[PDB]
Structures are given as C-alpha cells and as structure tokens.
$ cat structure_17.cif   # mmCIF, C-alpha atoms and all ligand atoms
data_my_file
#
loop_
_atom_site.label_atom_id
_atom_site.label_comp_id
_atom_site.auth_asym_id
_atom_site.auth_seq_id
_atom_site.Cartn_x
_atom_site.Cartn_y
_atom_site.Cartn_z
CA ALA A 1 -12.61 -13.03 17.25
CA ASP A 2 -11.15 -10.65 14.68
CA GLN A 3 -14.28 -8.72 13.72
CA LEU A 4 -16.16 -5.43 14.08
CA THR A 5 -19.37 -4.76 16.01
CA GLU A 6 -21.94 -1.96 16.18
CA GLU A 7 -19.75 -0.49 18.92
CA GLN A 8 -16.73 -0.25 16.63
CA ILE A 9 -18.76 0.77 13.58
CA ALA A 10 -20.73 3.37 15.53
CA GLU A 11 -17.46 5.29 15.85
CA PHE A 12 -16.37 5.05 12.21
CA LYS A 13 -19.87 5.93 11.00
CA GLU A 14 -19.50 9.15 12.99
CA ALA A 15 -16.39 10.07 11.02
CA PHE A 16 -18.27 10.01 7.71
CA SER A 17 -20.89 12.50 8.89
CA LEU A 18 -18.02 14.78 9.92
CA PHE A 19 -16.77 14.90 6.33
CA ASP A 20 -20.30 14.88 4.92
CA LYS A 21 -21.52 18.47 5.18
CA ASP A 22 -24.66 18.16 3.06
CA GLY A 23 -25.07 14.67 4.49
CA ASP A 24 -26.04 13.23 1.11
CA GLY A 25 -24.34 9.92 1.85
CA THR A 26 -21.50 10.42 -0.61
CA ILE A 27 -18.35 12.53 -0.24
CA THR A 28 -17.39 14.59 -3.29
CA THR A 29 -14.39 16.73 -4.23
CA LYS A 30 -16.34 19.85 -3.28
CA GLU A 31 -17.26 18.54 0.16
CA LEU A 32 -13.83 16.96 0.66
CA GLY A 33 -11.70 19.85 -0.56
CA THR A 34 -13.62 22.03 1.88
CA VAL A 35 -12.97 19.98 5.02
CA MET A 36 -9.31 19.54 4.09
CA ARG A 37 -9.09 23.34 3.96
CA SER A 38 -9.96 23.80 7.63
CA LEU A 39 -7.49 21.01 8.39
CA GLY A 40 -4.72 22.85 6.58
CA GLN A 41 -4.36 20.70 3.47
CA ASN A 42 -4.73 22.33 0.05
CA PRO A 43 -3.97 19.49 -2.41
CA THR A 44 -3.98 19.85 -6.20
CA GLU A 45 -6.99 19.13 -8.40
CA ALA A 46 -5.25 15.96 -9.57
CA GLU A 47 -4.29 15.04 -6.01
CA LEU A 48 -7.84 15.33 -4.66
CA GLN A 49 -9.22 13.01 -7.34
CA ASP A 50 -6.40 10.61 -6.48
CA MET A 51 -7.20 10.41 -2.77
CA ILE A 52 -10.89 9.75 -3.40
CA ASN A 53 -10.05 7.42 -6.28
CA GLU A 54 -8.12 5.17 -3.89
CA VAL A 55 -11.18 4.57 -1.72
CA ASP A 56 -13.38 4.68 -4.82
CA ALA A 57 -14.18 0.98 -5.23
CA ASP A 58 -17.38 1.34 -7.26
CA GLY A 59 -15.66 4.00 -9.34
CA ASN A 60 -18.28 6.69 -8.83
CA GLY A 61 -16.00 9.57 -7.90
CA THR A 62 -17.22 9.80 -4.32
CA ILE A 63 -16.69 8.19 -0.91
CA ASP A 64 -19.68 6.06 0.10
CA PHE A 65 -20.56 4.92 3.63
CA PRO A 66 -18.65 1.61 3.54
CA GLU A 67 -15.99 3.13 1.29
CA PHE A 68 -14.88 5.46 4.08
CA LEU A 69 -15.07 2.73 6.71
CA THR A 70 -13.24 0.04 4.74
CA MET A 71 -10.47 2.61 4.30
CA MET A 72 -9.71 2.73 8.03
CA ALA A 73 -10.18 -1.04 8.21
CA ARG A 74 -7.45 -1.66 5.63
CA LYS A 75 -5.05 -0.35 8.28
CA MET A 76 -5.24 -3.84 9.77
CA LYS A 77 -3.20 -5.49 7.02
CA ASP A 78 -2.46 -5.46 3.29
CA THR A 79 -1.48 -2.34 1.33
CA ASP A 80 2.08 -1.55 2.39
CA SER A 81 4.40 -1.95 -0.60
CA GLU A 82 2.85 1.27 -1.91
CA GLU A 83 4.37 3.24 0.98
CA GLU A 84 7.83 1.98 0.03
CA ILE A 85 7.24 3.49 -3.41
CA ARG A 86 6.39 6.98 -2.14
CA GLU A 87 9.01 6.95 0.62
CA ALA A 88 11.81 5.68 -1.63
CA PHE A 89 10.95 8.27 -4.28
CA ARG A 90 11.36 11.06 -1.73
CA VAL A 91 14.53 9.42 -0.41
CA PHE A 92 16.05 9.63 -3.88
CA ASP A 93 14.47 12.96 -4.83
CA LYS A 94 17.30 15.35 -3.97
CA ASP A 95 16.12 18.38 -5.93
CA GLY A 96 12.61 17.53 -4.77
CA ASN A 97 11.41 18.06 -8.33
CA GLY A 98 9.49 14.79 -8.25
CA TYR A 99 11.50 13.26 -11.08
CA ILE A 100 14.45 10.87 -11.29
CA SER A 101 17.19 11.31 -13.89
CA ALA A 102 20.40 9.50 -14.82
CA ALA A 103 22.28 12.03 -12.70
CA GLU A 104 20.23 11.40 -9.56
CA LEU A 105 19.85 7.66 -10.12
CA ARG A 106 23.61 7.26 -10.56
CA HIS A 107 24.06 9.01 -7.21
CA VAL A 108 21.61 6.68 -5.48
CA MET A 109 23.41 3.58 -6.74
CA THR A 110 26.62 4.97 -5.24
CA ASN A 111 25.18 4.97 -1.72
CA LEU A 112 24.50 1.25 -2.11
CA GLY A 113 28.10 0.66 -3.15
CA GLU A 114 27.61 -0.20 -6.81
CA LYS A 115 30.29 1.04 -9.21
CA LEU A 116 28.28 2.41 -12.14
CA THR A 117 28.99 5.03 -14.80
CA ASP A 118 26.86 7.30 -16.99
CA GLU A 119 26.80 4.71 -19.78
CA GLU A 120 25.56 2.09 -17.32
CA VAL A 121 22.79 4.21 -15.81
CA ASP A 122 21.53 4.73 -19.35
CA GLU A 123 20.33 1.12 -19.39
CA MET A 124 18.40 1.81 -16.19
CA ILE A 125 16.66 5.05 -17.19
CA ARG A 126 15.86 3.42 -20.53
CA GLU A 127 13.95 0.70 -18.68
CA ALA A 128 11.95 2.97 -16.36
CA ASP A 129 11.40 5.42 -19.21
CA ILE A 130 8.19 3.91 -20.58
CA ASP A 131 6.84 7.05 -22.24
CA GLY A 132 10.31 7.57 -23.66
CA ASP A 133 10.55 11.13 -22.36
CA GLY A 134 14.21 10.73 -21.47
CA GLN A 135 13.68 10.53 -17.72
CA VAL A 136 12.03 8.47 -14.99
CA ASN A 137 8.79 9.92 -13.61
CA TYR A 138 6.88 8.84 -10.50
CA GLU A 139 4.36 6.99 -12.67
CA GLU A 140 7.22 4.92 -14.09
CA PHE A 141 9.01 4.63 -10.75
CA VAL A 142 5.88 3.17 -9.17
CA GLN A 143 5.50 0.57 -11.91
CA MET A 144 9.18 -0.38 -11.73
CA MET A 145 8.96 -0.70 -7.94
CA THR A 146 5.69 -2.64 -8.06
CA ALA A 147 6.75 -4.89 -10.94
CA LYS A 148 9.82 -7.08 -11.42
CA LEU B 8 24.59 -15.19 -9.11
CA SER B 9 26.85 -15.12 -12.17
CA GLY B 10 25.42 -12.81 -14.81
CA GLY B 11 22.71 -12.15 -17.37
CA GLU B 12 20.56 -9.03 -17.73
CA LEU B 13 20.34 -5.71 -15.90
CA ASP B 14 19.31 -6.84 -12.42
CA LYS B 15 20.11 -3.47 -10.85
CA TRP B 16 16.56 -2.11 -10.91
CA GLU B 17 15.38 -5.07 -8.84
CA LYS B 18 17.97 -4.00 -6.26
CA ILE B 19 16.15 -0.69 -5.84
CA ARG B 20 12.77 -2.39 -5.45
CA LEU B 21 14.04 -4.16 -2.34
CA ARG B 22 12.20 -7.06 -0.70
CA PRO B 23 8.41 -7.18 -0.17
CA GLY B 24 7.35 -5.62 3.12
CA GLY B 25 6.69 -2.26 4.72
CA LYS B 26 4.28 -0.01 6.60
CA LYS B 27 0.63 0.56 5.68
CA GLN B 28 -0.88 3.94 4.84
CA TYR B 29 -3.83 5.24 2.82
CA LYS B 30 -3.92 8.31 0.57
CA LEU B 31 -6.83 9.85 2.48
CA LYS B 32 -7.28 8.00 5.77
CA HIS B 33 -4.57 10.21 7.26
CA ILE B 34 -6.95 13.15 6.80
CA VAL B 35 -9.16 11.62 9.49
CA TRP B 36 -6.40 12.38 12.00
CA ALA B 37 -6.64 16.08 11.11
CA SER B 38 -10.29 15.86 12.16
CA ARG B 39 -9.12 15.49 15.76
CA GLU B 40 -8.81 19.28 15.78
CA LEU B 41 -12.05 20.18 14.01
CA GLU B 42 -15.13 20.07 16.25
CA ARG B 43 -17.73 17.33 15.82
CA CA A 201 -21.63 14.68 0.72
CA CA A 202 -17.10 5.19 -4.47
CA CA A 203 14.74 14.40 -8.44
CA CA A 204 9.56 8.65 -18.69
#
$ encode --input "structure_17.cif" --output "structure tokens"
Amino acid sequence: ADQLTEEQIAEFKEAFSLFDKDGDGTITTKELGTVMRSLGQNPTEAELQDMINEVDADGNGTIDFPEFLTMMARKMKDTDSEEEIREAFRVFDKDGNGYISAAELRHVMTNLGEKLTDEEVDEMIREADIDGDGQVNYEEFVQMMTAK
Amino acid sequence: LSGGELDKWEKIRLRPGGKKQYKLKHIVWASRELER
C-alpha cells in the first residue's frame, strides 16, 4: 500500500497540539523554545530559527499542521547525506570549536593514509575557504560535502 | 586514475548514502516524557 490513513494521521496530529500551547495552528519560536525548555534543550537564537526553517516549506517562520507531519514522514526516505555532513564535521572537530583549519584537516588526511604536508593542505583550505577568512567553517564544509 | 587537479576534497565527501535525521523531529522523542 505505502500510504497513511486517518489512523496514522490521528497520532501525528496529536503531536502538533502538544507543541502548540496557544493552539493557533502554527508553531513559533516562542511556543517552540518553551516546549524545548521542559525537554531539556536550550538551543541558540540562530539554532531555533534553523530547526523551524528546515520544516518551514512556505517560508513563514512557523510550523504549520502539515509541516510538522511531513517532517516525521520524511523519515521514510530521502534526506540522509545531510547527516554525513554533521557527523563528519564532529568526527574531524578535535578541539570541538566548530571550525576546521589546515592543522586539523592535515591530521584527518593522515588517518586515511594520505601523505600530505602543510603546503599541500593549503590548496584544500583555499578551496573550502569561500569567504576567504583563512579557515574552513561549517557553512563551507557543508557546501564542500554536498557539492563536488 | 593518473592525475589532474586536487581530488582530495572529494575523498572526504565519501560516497552518497547515510542515515536520515531531521533538525527538529528528534524533539518529538523528548515529548515522550512530557505529559499529553
Ligand atoms: Ca502556536
Ligand atoms: Ca511554515
Ligand atoms: Ca576544529
Ligand atoms: Ca572560510
């Protein structure tokens, strides 16, 4: 069959109400940040907008009825390469600063078994370094991992 | 195969394939504790 019925939706629809305190039909940062608090998750202002943005299909800044449902539905398939981006980043992030430099990158290449020097790594960081800040940030790491 | 340009970066990207996870859906799991 591969489909959802009122029985399956009836459950998901219940989840929305749980997050919707004022029950206005749309989840905002104020209503979301609150629930997350009781759960034990105090994300950053930029992080919160990011989470909602992901599910934000109509780009309204809030989680609609179907927006929250479709989110759990995506679990079926599609959307996976992204995980490899976040996981890998953490796997390479030794100092846990959230940034990759020629020093760290060079160390990662060693684990793979690739003989590279400081002069060589320069060519790498130069590629990922889009903003030309002198280092490779997550924003750049995600684009380099998503693109060829 | 032989040589050309810096094909090292592509080595870090690995092949296409992995697990699925949303940047919010996980929160739902935390709801298992909070009353309904
Ligand atoms: Ca609401
Ligand atoms: Ca939306
Ligand atoms: Ca780092
Ligand atoms: Ca940069």
$ residues_near_ligand --input "structure_17.cif" --ligand "ligand CA 203 (chain A)" --cutoff "8 Å" --atoms "only C-alpha atoms and all ligand atoms" --output "list in words"
residues 92, 93, 94, 95, 96, 97, 98, 99, 100, 101 and 104 of chain A
$ interface_residues --input "structure_17.cif" --of "chain A" --to "chain B" --cutoff "8 Å" --atoms "all atoms listed in the file" --output "tab-separated table (two decimals) with C-alpha atoms, in the frame of the given file"
chain	number	residue	atom	x	y	z
A	15	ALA	CA	-16.39	10.07	11.02
A	18	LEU	CA	-18.02	14.78	9.92
A	36	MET	CA	-9.31	19.54	4.09
A	38	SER	CA	-9.96	23.80	7.63
A	39	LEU	CA	-7.49	21.01	8.39
A	50	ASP	CA	-6.40	10.61	-6.48
A	51	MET	CA	-7.20	10.41	-2.77
A	52	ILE	CA	-10.89	9.75	-3.40
A	54	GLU	CA	-8.12	5.17	-3.89
A	71	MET	CA	-10.47	2.61	4.30
A	72	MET	CA	-9.71	2.73	8.03
A	75	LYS	CA	-5.05	-0.35	8.28
A	77	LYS	CA	-3.20	-5.49	7.02
A	78	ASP	CA	-2.46	-5.46	3.29
A	79	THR	CA	-1.48	-2.34	1.33
A	80	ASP	CA	2.08	-1.55	2.39
A	81	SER	CA	4.40	-1.95	-0.60
A	82	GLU	CA	2.85	1.27	-1.91
A	83	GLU	CA	4.37	3.24	0.98
A	84	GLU	CA	7.83	1.98	0.03
A	123	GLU	CA	20.33	1.12	-19.39
A	124	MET	CA	18.40	1.81	-16.19
A	144	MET	CA	9.18	-0.38	-11.73
A	145	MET	CA	8.96	-0.70	-7.94
A	146	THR	CA	5.69	-2.64	-8.06
A	148	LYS	CA	9.82	-7.08	-11.42
$ axis_aligned_box --input "structure_17.cif" --around "segment 48-53 of chain A" --padding-each-side "6 Å" --output "lines of an AutoDock Vina configuration file"
center_x = -8.6
center_y = 11.4
center_z = -5.1
size_x = 16.5
size_y = 19.9
size_z = 16.6
$ residues_near_ligand --input "structure_17.cif" --ligand "ligand CA 201 (chain A)" --cutoff "8 Å" --atoms "all atoms listed in the file" --output "PyMOL selection string"
chain A and resi 19-28+31
$ atom_distance --input "structure_17.cif" --atom1 "atom CA of residue 137 of chain A" --atom2 "atom CA of ligand CA 204 (chain A)"
5.3 Å
$ closest_atom_pairs --input "structure_17.cif" --of "chain A" --to "ligand CA 202 (chain A)" --cutoff "12 Å" --atoms "all atoms listed in the file" --output "JSON lines"
{"residue": "A:25", "atom": "CA", "partner": "A:CA202", "partner_atom": "CA", "distance": 10.7}
{"residue": "A:26", "atom": "CA", "partner": "A:CA202", "partner_atom": "CA", "distance": 7.8}
{"residue": "A:27", "atom": "CA", "partner": "A:CA202", "partner_atom": "CA", "distance": 8.6}
{"residue": "A:28", "atom": "CA", "partner": "A:CA202", "partner_atom": "CA", "distance": 9.5}
{"residue": "A:29", "atom": "CA", "partner": "A:CA202", "partner_atom": "CA", "distance": 11.9}
{"residue": "A:49", "atom": "CA", "partner": "A:CA202", "partner_atom": "CA", "distance": 11.5}
{"residue": "A:51", "atom": "CA", "partner": "A:CA202", "partner_atom": "CA", "distance": 11.3}
{"residue": "A:52", "atom": "CA", "partner": "A:CA202", "partner_atom": "CA", "distance": 7.8}
{"residue": "A:53", "atom": "CA", "partner": "A:CA202", "partner_atom": "CA", "distance": 7.6}
{"residue": "A:54", "atom": "CA", "partner": "A:CA202", "partner_atom": "CA", "distance": 9.0}
{"residue": "A:55", "atom": "CA", "partner": "A:CA202", "partner_atom": "CA", "distance": 6.6}
{"residue": "A:56", "atom": "CA", "partner": "A:CA202", "partner_atom": "CA", "distance": 3.8}
{"residue": "A:57", "atom": "CA", "partner": "A:CA202", "partner_atom": "CA", "distance": 5.2}
{"residue": "A:58", "atom": "CA", "partner": "A:CA202", "partner_atom": "CA", "distance": 4.8}
{"residue": "A:59", "atom": "CA", "partner": "A:CA202", "partner_atom": "CA", "distance": 5.2}
{"residue": "A:60", "atom": "CA", "partner": "A:CA202", "partner_atom": "CA", "distance": 4.8}
{"residue": "A:61", "atom": "CA", "partner": "A:CA202", "partner_atom": "CA", "distance": 5.7}
{"residue": "A:62", "atom": "CA", "partner": "A:CA202", "partner_atom": "CA", "distance": 4.6}
{"residue": "A:63", "atom": "CA", "partner": "A:CA202", "partner_atom": "CA", "distance": 4.7}
{"residue": "A:64", "atom": "CA", "partner": "A:CA202", "partner_atom": "CA", "distance": 5.3}
{"residue": "A:65", "atom": "CA", "partner": "A:CA202", "partner_atom": "CA", "distance": 8.8}
{"residue": "A:66", "atom": "CA", "partner": "A:CA202", "partner_atom": "CA", "distance": 8.9}
{"residue": "A:67", "atom": "CA", "partner": "A:CA202", "partner_atom": "CA", "distance": 6.2}
{"residue": "A:68", "atom": "CA", "partner": "A:CA202", "partner_atom": "CA", "distance": 8.8}
{"residue": "A:69", "atom": "CA", "partner": "A:CA202", "partner_atom": "CA", "distance": 11.6}
{"residue": "A:70", "atom": "CA", "partner": "A:CA202", "partner_atom": "CA", "distance": 11.2}
{"residue": "A:71", "atom": "CA", "partner": "A:CA202", "partner_atom": "CA", "distance": 11.3}
$ closest_atom_pairs --input "structure_17.cif" --of "chain A" --to "ligand CA 204 (chain A)" --cutoff "6 Å" --atoms "only C-alpha atoms and all ligand atoms" --output "CSV"
residue,atom,partner,partner_atom,distance
A:129,CA,A:CA204,CA,3.8
A:130,CA,A:CA204,CA,5.3
A:131,CA,A:CA204,CA,4.7
A:132,CA,A:CA204,CA,5.1
A:133,CA,A:CA204,CA,4.5
A:134,CA,A:CA204,CA,5.8
A:135,CA,A:CA204,CA,4.6
A:136,CA,A:CA204,CA,4.5
A:137,CA,A:CA204,CA,5.3
$ write_last_selection --input "structure_17.cif" --atoms "C-alpha atoms" --output "PDB file, in the coordinates of the input"
ATOM      1  CA  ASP A 129      11.400   5.420 -19.210  1.00  0.00           C
ATOM      2  CA  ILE A 130       8.190   3.910 -20.580  1.00  0.00           C
ATOM      3  CA  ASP A 131       6.840   7.050 -22.240  1.00  0.00           C
ATOM      4  CA  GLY A 132      10.310   7.570 -23.660  1.00  0.00           C
ATOM      5  CA  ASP A 133      10.550  11.130 -22.360  1.00  0.00           C
ATOM      6  CA  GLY A 134      14.210  10.730 -21.470  1.00  0.00           C
ATOM      7  CA  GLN A 135      13.680  10.530 -17.720  1.00  0.00           C
ATOM      8  CA  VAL A 136      12.030   8.470 -14.990  1.00  0.00           C
ATOM      9  CA  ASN A 137       8.790   9.920 -13.610  1.00  0.00           C
TER      10      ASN A 137
END
$ atom_distance --input "structure_17.cif" --atom1 "atom CA of residue 8 of chain A" --atom2 "atom CA of residue 30 of chain A"
28.3 Å
$ atom_distance --input "structure_17.cif" --atom1 "atom CA of residue 89 of chain A" --atom2 "atom CA of residue 143 of chain A"
12.1 Å
$ closest_residue --input "structure_17.cif" --among "A:120, A:76, A:103, A:43" --to "residue 4 of chain A" --atoms "only C-alpha atoms"
A:76
$ build_atoms --input "structure_17.cif" --residues "segment 12-32 of chain B" --atoms "N, CA and C atoms" --output "PDB file, in the coordinates of the input"
ATOM      1  N   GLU B  12      21.123 -10.319 -17.325  1.00  0.00           N
ATOM      2  CA  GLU B  12      20.560  -9.030 -17.730  1.00  0.00           C
ATOM      3  C   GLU B  12      20.701  -8.005 -16.611  1.00  0.00           C
ATOM      4  N   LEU B  13      20.264  -6.782 -16.884  1.00  0.00           N
ATOM      5  CA  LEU B  13      20.340  -5.710 -15.900  1.00  0.00           C
ATOM      6  C   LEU B  13      19.445  -6.002 -14.701  1.00  0.00           C
ATOM      7  N   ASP B  14      20.047  -6.517 -13.635  1.00  0.00           N
ATOM      8  CA  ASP B  14      19.310  -6.840 -12.420  1.00  0.00           C
ATOM      9  C   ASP B  14      19.539  -5.788 -11.344  1.00  0.00           C
ATOM     10  N   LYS B  15      19.866  -4.573 -11.774  1.00  0.00           N
ATOM     11  CA  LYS B  15      20.110  -3.470 -10.850  1.00  0.00           C
ATOM     12  C   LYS B  15      18.801  -2.881 -10.345  1.00  0.00           C
ATOM     13  N   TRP B  16      17.861  -2.674 -11.261  1.00  0.00           N
ATOM     14  CA  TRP B  16      16.560  -2.110 -10.910  1.00  0.00           C
ATOM     15  C   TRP B  16      15.924  -2.892  -9.764  1.00  0.00           C
ATOM     16  N   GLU B  17      15.959  -4.217  -9.864  1.00  0.00           N
ATOM     17  CA  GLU B  17      15.380  -5.070  -8.840  1.00  0.00           C
ATOM     18  C   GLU B  17      16.015  -4.792  -7.474  1.00  0.00           C
ATOM     19  N   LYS B  18      17.255  -4.316  -7.492  1.00  0.00           N
ATOM     20  CA  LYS B  18      17.970  -4.000  -6.260  1.00  0.00           C
ATOM     21  C   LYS B  18      17.372  -2.780  -5.578  1.00  0.00           C
ATOM     22  N   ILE B  19      16.770  -1.901  -6.372  1.00  0.00           N
ATOM     23  CA  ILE B  19      16.150  -0.690  -5.840  1.00  0.00           C
ATOM     24  C   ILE B  19      14.747  -0.972  -5.323  1.00  0.00           C
ATOM     25  N   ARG B  20      14.120  -2.012  -5.863  1.00  0.00           N
ATOM     26  CA  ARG B  20      12.770  -2.390  -5.450  1.00  0.00           C
ATOM     27  C   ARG B  20      12.776  -2.983  -4.049  1.00  0.00           C
ATOM     28  N   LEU B  21      13.908  -3.555  -3.658  1.00  0.00           N
ATOM     29  CA  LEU B  21      14.040  -4.160  -2.340  1.00  0.00           C
ATOM     30  C   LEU B  21      13.082  -5.337  -2.178  1.00  0.00           C
ATOM     31  N   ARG B  22      13.071  -5.928  -0.987  1.00  0.00           N
ATOM     32  CA  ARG B  22      12.200  -7.060  -0.700  1.00  0.00           C
ATOM     33  C   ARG B  22      10.796  -6.587  -0.335  1.00  0.00           C
ATOM     34  N   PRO B  23       9.809  -7.483  -0.486  1.00  0.00           N
ATOM     35  CA  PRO B  23       8.410  -7.180  -0.170  1.00  0.00           C
ATOM     36  C   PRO B  23       8.171  -7.024   1.324  1.00  0.00           C
ATOM     37  N   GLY B  24       7.625  -5.876   1.715  1.00  0.00           N
ATOM     38  CA  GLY B  24       7.350  -5.620   3.120  1.00  0.00           C
ATOM     39  C   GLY B  24       7.530  -4.164   3.489  1.00  0.00           C
ATOM     40  N   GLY B  25       6.614  -3.647   4.303  1.00  0.00           N
ATOM     41  CA  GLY B  25       6.690  -2.260   4.720  1.00  0.00           C
ATOM     42  C   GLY B  25       5.501  -1.841   5.562  1.00  0.00           C
ATOM     43  N   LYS B  26       5.378  -0.541   5.805  1.00  0.00           N
ATOM     44  CA  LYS B  26       4.280  -0.010   6.600  1.00  0.00           C
ATOM     45  C   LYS B  26       3.046   0.229   5.741  1.00  0.00           C
ATOM     46  N   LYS B  27       1.888   0.325   6.385  1.00  0.00           N
ATOM     47  CA  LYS B  27       0.630   0.560   5.680  1.00  0.00           C
ATOM     48  C   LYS B  27       0.166   1.997   5.858  1.00  0.00           C
ATOM     49  N   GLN B  28      -0.394   2.570   4.798  1.00  0.00           N
ATOM     50  CA  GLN B  28      -0.880   3.940   4.840  1.00  0.00           C
ATOM     51  C   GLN B  28      -1.765   4.244   3.635  1.00  0.00           C
ATOM     52  N   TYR B  29      -2.897   4.895   3.881  1.00  0.00           N
ATOM     53  CA  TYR B  29      -3.830   5.240   2.820  1.00  0.00           C
ATOM     54  C   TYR B  29      -3.613   6.679   2.349  1.00  0.00           C
ATOM     55  N   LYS B  30      -4.063   6.973   1.134  1.00  0.00           N
ATOM     56  CA  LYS B  30      -3.920   8.310   0.570  1.00  0.00           C
ATOM     57  C   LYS B  30      -5.162   9.152   0.850  1.00  0.00           C
ATOM     58  N   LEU B  31      -5.645   9.092   2.086  1.00  0.00           N
ATOM     59  CA  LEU B  31      -6.830   9.850   2.480  1.00  0.00           C
ATOM     60  C   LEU B  31      -7.159   9.608   3.952  1.00  0.00           C
ATOM     61  N   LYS B  32      -7.003   8.363   4.390  1.00  0.00           N
ATOM     62  CA  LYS B  32      -7.280   8.000   5.770  1.00  0.00           C
ATOM     63  C   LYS B  32      -6.587   8.948   6.741  1.00  0.00           C
TER      64      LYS B  32
END
